[PDB]
Each structure stands twice: as C-alpha cells, then as structure tokens.
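# Secondary and tertiary structure notes
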4 protein chains.
Amino acid sequence: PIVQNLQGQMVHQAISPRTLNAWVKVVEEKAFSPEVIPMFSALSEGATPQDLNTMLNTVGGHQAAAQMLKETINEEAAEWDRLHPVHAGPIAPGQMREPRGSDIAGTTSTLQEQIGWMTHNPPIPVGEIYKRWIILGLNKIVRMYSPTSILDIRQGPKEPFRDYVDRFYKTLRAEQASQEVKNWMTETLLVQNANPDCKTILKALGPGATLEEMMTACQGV
Amino acid sequence: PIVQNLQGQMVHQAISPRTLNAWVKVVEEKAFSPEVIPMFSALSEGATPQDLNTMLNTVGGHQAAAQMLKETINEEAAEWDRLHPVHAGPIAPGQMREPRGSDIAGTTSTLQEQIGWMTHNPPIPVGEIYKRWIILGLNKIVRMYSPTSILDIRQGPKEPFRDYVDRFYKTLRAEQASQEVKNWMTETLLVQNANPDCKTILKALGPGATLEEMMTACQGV
Amino acid sequence: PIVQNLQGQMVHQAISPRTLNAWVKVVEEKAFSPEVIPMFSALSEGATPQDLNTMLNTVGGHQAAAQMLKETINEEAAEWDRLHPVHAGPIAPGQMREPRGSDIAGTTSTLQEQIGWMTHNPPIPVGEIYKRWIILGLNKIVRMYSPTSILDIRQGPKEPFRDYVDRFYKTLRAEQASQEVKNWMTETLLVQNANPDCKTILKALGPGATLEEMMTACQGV
Amino acid sequence: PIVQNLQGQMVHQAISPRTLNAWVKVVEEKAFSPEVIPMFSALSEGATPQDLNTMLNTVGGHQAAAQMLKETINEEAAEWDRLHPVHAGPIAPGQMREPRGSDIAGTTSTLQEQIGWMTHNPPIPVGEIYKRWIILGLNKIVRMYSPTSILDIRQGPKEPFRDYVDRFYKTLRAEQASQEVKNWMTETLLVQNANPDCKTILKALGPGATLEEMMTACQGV
Ligand SMILES: O=P(O)(O)O[C@H]1[C@H](OP(=O)(O)O)[C@@H](OP(=O)(O)O)[C@H](OP(=O)(O)O)[C@@H](OP(=O)(O)O)[C@H]1OP(=O)(O)O
Ligand SMILES: O=P(O)(O)O[C@H]1[C@H](OP(=O)(O)O)[C@@H](OP(=O)(O)O)[C@H](OP(=O)(O)O)[C@@H](OP(=O)(O)O)[C@H]1OP(=O)(O)O
C-alpha cells in the first residue's frame, strides 16, 4: 500500500508478513471457495501492483489456478492496450506517461512509477484495475473448482430451510450465471429443489414471494 | 477511522486489510447469527461512512441480505431527511453545513466533509448514526436467518441446563421481540420448555426466581 | 378471408364449416397444448377480425381460457389506442380512417371497413395484428395449462434420448421463458436431467456440443 | 400455388387453411419420421417460395430442426449463387432476370416475380428447387431424429417377418446411406438380423434371393 512519511510524501509500504500469511491461509485452506474472492478484496485493500504480484506468488504454487490467472491477466492487458493506444507526440512535463498492459500489472514497471500513477488529482487507479483483473481470474478459478452444479443443490429431508438457502446462494455465487439467469434460478429453482414440506409451503406462498417471506414461512419446518 | 498527524490535524485512516478480512470472515462464516452484530460493532469502532460502505461491500455478495440492508438504509435516510429539513438562509462561515441522508451514508459526500463533521466540539456523529442504521439492517437480517423459533427451543432430556439457557437467550436475541414480550418469555417460556427434572425443580422454585437461582438449582441436574 | 369476385373486387369469404370444425376439434381435443398455437396460425391464415371472433366463439365455452383471451385482447387494444392516438383534423377523401382498438378486433367495426383496411397498397394488416393478440392470449393459456415444469422433465431409465429431447423442447415451448433463459436451459438442463448413461455420454461430449451431435452420440443408448 | 383467372392470367393462390393445418399436424405429431418427407412433397405440390416459407413457419417452432433447415437452405443458396453467376450486360426486354439465392427462397423476392419465373415456356422451376432444398433439410432432420440404428433393427422372436422388413426398410430410409451401402444392407443385414427360424429359412434360400421370395418363404413363420 501507500502511506505518507513525515515529509508529506507518498511512499510505498510493503504488505505486512501476517497479511501475506492470512492470504496464504486463504489460498491453501479454502479450496477456492467463493468466499476467497471477498477476502482477497479485503486483504489487498489499497495495494500496489507489486504487492498484488507478491500475493499472486502464493497462487503460483497451484499450477492450474496460476495458469488460469496468468491467461486472464494477459487477456485483460491485451484488451487494455487495445483500448488505450500509445499516443505519438509531445508529453507535458507535469503530466506522467500512460502505463502499458505490462506496466499496470507490474511486470516491467517500477515502484516509483506506480506510486506516482496511483497518487494523483484526479487519481488513475492502476492497483484497482489490476485487482479487478485478479478478481476476474479468481472468479474463473472458483467456477472451475465448484464441486456441485446449482441444479444439484437440493434441500435434505431434515435440512433446515436456511441452510438450504445458504448452500443454494453459495453455489449460485460460485457459478456466476447471467443476471437474468440468476434471477430465474432464485425465483424458480430454489422452490423446485426444496424438500416436500417446504416445497408445499412455498407453492402455497405463490410466485413473486420475497426471500424474507419464504424464510419466514419455512422457519421451523 | 480518524487519526492525528504530526501537525495535529484530523486525517482519515483506511481500515487495515486484516480488519476487513476479519469482517469478511464474520460475514461469510457465521451465517448471520446474532453474534455478527456485536462483532461488527467492535470491528467498525470509530469508523467513517466510507469505511462503513467498504465493510458493506462484503455483504453485497449476499444479495438478499444486501437488499435488506439497502432498504433499511434508504428508509433511515428518508426519515433523517424528514426530521432534518434543509434550512433556507445564511450559513455561518465557521459552521459547516448539514449533511443530507445521501451524505451521512457516504453515497455522495467526500472524505474531508465526513472528517470535518465527525471531529467537532461538540461533535455530530455521522459515522455512529450510519453504524446504527447498519445495525438495524443487520438485526433484520439476523431475524430473517434465524433457524428456530423461541417456542421451539426445548431442553434436551440429557442437555445441561446452562446450555439450554444459552440456546434460549441466543434465540431470544435473534428474534428481537418487544421488551415486555421478552420479559414474559424469559419468565415463563424458559421454565415451560425445560426438561422434566429441571421443570419440576424450577416449578418448586416458584415464580419470580432470578436466573442465577434457577441456574444454581439446576446446575448438575 | 378475402377473395376476388368476377368484377375484380375484394369480397369477404366466410370460413368454411370444416375449417371451423377443425378449429373446434383443436380446442376441444388438445387441452391447450403448445401445438394448438401453430395450428391456429394455420387455420386462421389470411382471416378477417370477424372470422377471428367466430373462431374465438369456440374458446368461449372454456370460461377461464376465454376470460384470459379477453383480458389479453383488451390490454392489447388499450396499448394500441395509446400508441395510435386519434388525430384531429381533415382526412383525405382517398384515404380511409384509422380503426380503433375496438374496431381492429371487430367488436364494433363492419365487414366492409375491415375489407378495405386489409386490402391496400401498402396494406395495413388488421387481421394479422388481431391474430398476433390472439396468439399472445393462446400462449398465456398454454403456459397456464402446462402440466409439468421444465425442471421436472427427466429422461426415463429406458426412455430413448430422442423422446426425452422432444418432451423437453415441448415443455420449453409451453413455458415460454426468456431467450437467454431458454438458451441456458437447452445448454445445461437437458444434459442435467438425462438418464445416467446418456448423461455420462453427454458429459464426455463436453460443453457447447450441438443438439445434432448430442442426439447422434446417444442414438441407441 | 398458381391458378388461372377468368382473363387467362397466372395468379398466385394462397395455401388453404386446412392444407396448412395438415402440414402442422404432420410436423407436430410425427416426430420427424421418414414419412414426413413424402407427405410434405404431397402437401407442397406446385407451391411458390412464399408458400414454402409459410409452411416452414410451422417448423420454426422446433428450434433445432428450424436451424438445421436454415443452414441447409443457406448452403444450397450459396451453391446456387456460385453455380449461377450474375451476368453483366444487356438484358432482353422479353426475358426476365435471373433470381438470386435469396430470391428463389423468397426471402427478398416478391410474389409477381416468382409467378412470372415459374410460368414460362420453357419454365424455370424456382418452387421445385426450393422444395428440393427443403427436402434435403428434412432428410437431415429425419436422420438426426432417427431413434435406432439399422444395425439395431432385429426381428423379434415372435415378430412376423413382414413387420421386421417394414421396420428395417423404414430405418434404412431414415438413415439415408450410400446406394451401394444400402444395397449391401438390404442383401446382408436383413438376413443377419432375422430371428432364428426365418434366418435358417433365408440362409437355405441362398444369396441373391429377391425380397418377394424372402417374404414368401417366411410368410407364416
Ligand atoms: O479475525 P481475527 O479475530 O482478527 O483473528 C486473528 C487471526 O486468527 P485466525 O484467522 O486464526 O482466527 C490471525 O491469524 P493470521 O491469519 O493473521 O495468522 C491471528 O494471528 P496469529 O497468526 O499471530 O495467530 C490473530 O491472533 P492474535 O490475537 O494472537 O494476534 C487473530 O486475532 P484474535 O486473536 O483477536 O481473534
Ligand atoms: O385423408 P382423408 O381421408 O381425406 O382425411 C381427412 C383428414 O382427416 P384425418 O387426417 O384426421 O384423417 C382431414 O384432416 P385435416 O388434417 O385436413 O384437418 C379432415 O378434415 P378436418 O380437419 O375438417 O377434420 C377430413 O375430415 P372431413 O371429412 O370432416 O372433411 C378427412 O376426410 P375424410 O373424413 O373424408 O376421411
């Protein structure tokens, strides 16, 4: 991340060892469950591309996931280069140059360049964009590692309704379908795959019932 | 949160990555149990509205809970605007303006505005009010996610009395009934739903026995 | 329909009794299956609004379906009136007036008016629009009368794959989901609900396999 | 189709509603069995491309079959354009222009153009060629929808020989193998897959026995 020294200057600060160890635990203990994605977003808060690559080195041990991440990052960098062509001409002395795809990801750039790019009025977030590419890669990995399809999430005969809803929504978050498809799933498949008692109650509740009403009517069933 | 620099000026400090990761773990691992509410109150201690929105982004993955939170926040903001009309007239140069409902929640305000609003003599807490709205939303979510009714909390035939009391009071905290209703529950339903031996002992103890006496008389039963 | 007399003039021709009897058989024998919709479209080919109302009189015996049709027609007529306001001013002697919502459906118009409206260069199809409203109503009825959800269409242990595909697509046509949802269904649910042998083969076939390849690989299984 | 008016002029006549309904019944009730192909050829006798598209609208409900038909028609139109290049130069006033691939199928042409093209001395059949393309598409669909391979057509232990022959030849018509392969099938596989008594009789009959002799020798077996 970026901090301020006693002179009021922006200086890069390395990720603390225990934050890196928390990220390592997340990678090595959660088997790329969907919750890995928010946690990363919390653990890389306000990070620099060098810090993001340091965090990615933990994923580098997982060869398949690391390869998927590298493919996603390369594709995003190519798209960024395509959408941000290198302008030919004079550059203002007070304005910094435009980083390339290999520079925003920190493969070739230096620390001072990223510090200057991130701290500006208005700021151009390179760390945030690299983080978004990382999150895209992580979402792909979570989809790859999902053990069950949403069509296979069925409420158990004695399973409480809240646990079934939690499993259903966790699987839905893992699968990352289209928004309309997700809405159709939450409206139809959740009722369809419930156990007979909750299914009867939800059918009696009618279409268009909110999730709160559904969980209320099935609370102790 | 807000800290003081070497110049004695109030400056916003971002939430540390491990605090955000602790909040992420709370959201993603505790299934909106009642204890999520104190923990949030601990983890957002002295926070700014921007920090509170950063913490809410973790809840944003949970679509139903996020929608309930957004509804509660919008209702609270509308009530705040209704109870705090925008005064038309001159404003003192030394007195800051009054934030609106979309400004206290940090949807439209800036960091410097919130820093100035929170640090004053006397202070007007915007972060605390936003936190209270968040806690209202979280209480609604905990009520929604409660798996069992208080009427269904019954002591097991071999369950120790202290565990039954703990489950009963946890469910009572989840349900959030009216204060008189809660008092009636703790006075009558706790005795009513106990197992036969503890029920006999508590009936012999008589009405109006304190919880300490009840747990004493049933300690090893 | 409309025919030409020996004088070269457009004259309305009534629907033949056996065409009406075919429509009656479709209504009374097919229980509003999806195939009722193409057949109607074939049987009302080039029809006038009076003819369409004559055909609807067969549906009028089915009270619920007739009420749904009347609701759909009234809604479509109201939308047509909203989108086609009655212009105030002179009307060309050679140009016919604009029919209203109650006039295109033939509730108040006469035969000569519809004959003149339909036969023009360029023609303004009133019979076709009324037919489209009828088809909307019929689609609603078919959705209402569908006996099974698409989620409940599962291949039998000894059922041939082509029959399962036919049932699946018939149910999909009955349900009339959104196009993206329909694509998701045909891509995922068809494989998901197949019997174990065909399911194994289709999983080996991989995602993105065309329906022809799927039916080929499962032909005799 | 095309009829003659009282003035001796060729005028297009629309397909009667009951012919269209017969075609709809064929499409929706026969599951693309091989007999759908002769029936279509009977029902579209002397039809125009606009009429053929009207008949295809019934198939348009069957999404996979409609897509296969559209692919076949587009391929045939491309081949027709390749084999019939647009000549650059003068055109005789008494000779009509050459329709393109999108014009013979009636996607862009008009009714009068097709009427003039079809009625000529000598006539250039555009409806017949479009019908042949439709029949190619339908043959592809029938091959796709065939439930059993010809190798899986085996005479039942008590099945009469004529029924086995009928099933065998129906499957052979569905599969549409090469002519030499079809001859090999009818000569060898029919005897190979018969039940033991008929198989013994046919083996005694010898190679090169005609189908009439085979059905005679196995009539009551
Ligand atoms: O979410 P928190 O409540 O802040 O939990 C943390 C977390 O512990 P867990 O993830 O095991 O719950 C830290 O683990 P790290 O991933 O950073 O390693 C751990 O730090 P240690 O690594 O040093 O164990 C720390 O424990 P400590 O209090 O000893 O600093 C502990 O905080 P709490 O103990 O306050 O829960
Ligand atoms: O092959 P055909 O003997 O001429 O059969 C037709 C055919 O009936 P089926 O296909 O049910 O055997 C017609 O059905 P369409 O497909 O044209 O609808 C039907 O006409 P309807 O639709 O009006 O039932 C007509 O019956 P009708 O005699 O009432 O005209 C009937 O002819 P036959 O009754 O002479 O068999």
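Described below are features of the structure shown in this document.

### Quick look at the arrangement of the chains
Nowhere do chain B and chain C come into contact; their C-alpha atoms are at least 20 Å apart. A gap remains between chain A and chain D, with no contact made and the closest C-alpha atoms lying 20 Å from each other.

### Looking at the interface of chain C and chain D
At the interface, 21 residues of chain C touch 22 residues of chain D. Both faces considered, chain C and chain D share a buried interface measuring about 2,100 Å² in area, 58% of it formed by carbon and sulfur atoms. Of the charged contacts in the structure, one is a salt bridge between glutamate 28 of chain D and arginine 173 of chain C, with a shortest N-O distance of 2.6 Å. For the pair chain C and chain D, the number of links is six residue pairs in polar contact. Contributing elements (two or more residues each) for the side of chain C that touches chain D: α1 (17-29), α2 (36-43), α8 (161-175) and α11 (211-217) of chain C.

### Notes on the relation of the copies chain A and chain B
Relative to chain B, chain A is turned by 72° and slid 0.0 Å along the rotation axis, the superposed coordinates differing by an RMSD of 0.0 Å. The symmetry that links the two subunits is that of a five-fold axis. The position closest to the rotation axis in chain A is occupied by the C-alpha of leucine 6 of chain A, lying 6.4 Å away.

### Details of the site of ligand 1
Residues in contact with ligand 1, as listed here, are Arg18, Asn21, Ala22 and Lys25 of chain A together with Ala22 and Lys25 of chain B. Near ligand 1, the surrounding residues are drawn from chains A and B. In the environment of ligand 1, an oxygen atom lies 2.5 Å from a nitrogen or oxygen atom belonging to the side chain of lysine 25 of chain A. In the complex, the protein chains occlude 34% of the 650 Å² of accessible area that ligand 1 would expose alone.

### Focus: the site of ligand 2
Lining the immediate surroundings of ligand 2 are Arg18, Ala22 and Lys25 of chain C together with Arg18, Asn21, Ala22 and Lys25 of chain D. One chain alone does not account for the residues near ligand 2; they come from chains C and D. Taking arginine 18 of chain C, its side chain carries an N or O atom lying 2.5 Å from an oxygen atom of ligand 2. If ligand 2 stood free it would expose 650 Å²; the protein chains cover 38% of that surface.

### Quick notes on the relation of the copies chain C and chain D
When chain C is fitted to chain D, the best match, at an RMSD of 0.0 Å, comes from turning it 72° and sliding it 0.0 Å along the axis. Little of the interface of chain C is mirrored in chain D, where only 10% of its interface residues are also at the interface.

### Observations concerning a nonpolar patch on the surface
Residues and elements named next belong to chain D. A grouping of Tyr169, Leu211 and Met215 is seen on the molecular surface, where their side chains present a nonpolar patch of about 210 Å² in accessible area. Along the chain, the position of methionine 215 falls in helix α11 (residues 211-217). The partly exposed category is assigned to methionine 215, whose relative accessible area is 31%.

### What to know about the interface of chain A and chain B
Each partner contributes residues to the interface: chain A has 21 residues there, and chain B has 22 residues. Together, the buried faces of chain A and chain B total about 2,100 Å²; carbon and sulfur atoms form 59% of this surface. Scanning the region where chain A abuts chain B turns up one salt bridge. Summed over the shared surface of chain A and chain B, the number is six residue pairs in polar contact. Counting only elements with at least two residues in the side of chain A that touches chain B, the list comes to α1 (17-29), α2 (36-43), α8 (161-175) and α11 (211-217) of chain A. Tallied by class, residues from the side of chain A that touches chain B come to nine nonpolar, four polar and eight charged.

### Concerning the side chain of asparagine 193 of chain C
Residues and elements named next belong to chain C. Mapped onto the fold, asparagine 193 is located in the loop between α9 (179-192) and α10 (196-205). The exposure class of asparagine 193 is buried, given its relative accessible area of 11%. At 3.3 Å, the side chain of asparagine 193 and the backbone oxygen of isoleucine 153 are in polar contact. The residues contacting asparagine 193, other than those within four sequence positions of it, are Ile150, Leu151, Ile153, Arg154, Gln155 and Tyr164.

Conventions and cut-offs
Residues numbered from 1 in each chain as written, not as in the entry; some residues may be left out. Chains lettered and ligands numbered in written order. Part of a larger assembly, values for the part shown. Heavy atoms only, no water. Contact = heavy atoms within 4.5 Å. Buried area = accessible area lost by both parts, 1.4 Å probe. Salt bridge = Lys/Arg side-chain N within 4 Å of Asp/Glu carboxyl O. Polar contact = N/O pair within 3.5 Å; in protein donor to acceptor, adjacent residues only side chain to side chain. Helix = DSSP H or I, 4+ residues; strand = E, 2+ residues; numbered from the N terminus. Least-squares fit on C-alpha atoms. Near = heavy atom within 4 Å. Areas by Shrake-Rupley, 256 points an atom, 1.4 Å probe, with all protein chains shown as cover. Patch = residues over 30% accessible without salt bridge, like charges linked within 9 Å, V, L, I, M, F, W, Y side chains within 5 Å. Buried < 20%, exposed > 50% of the residue type's maximum accessible area, 1.4 Å probe, protein only. Nonpolar A, V, L, I, M, F, W, Y, C, P; charged D, E, K, R; others polar.

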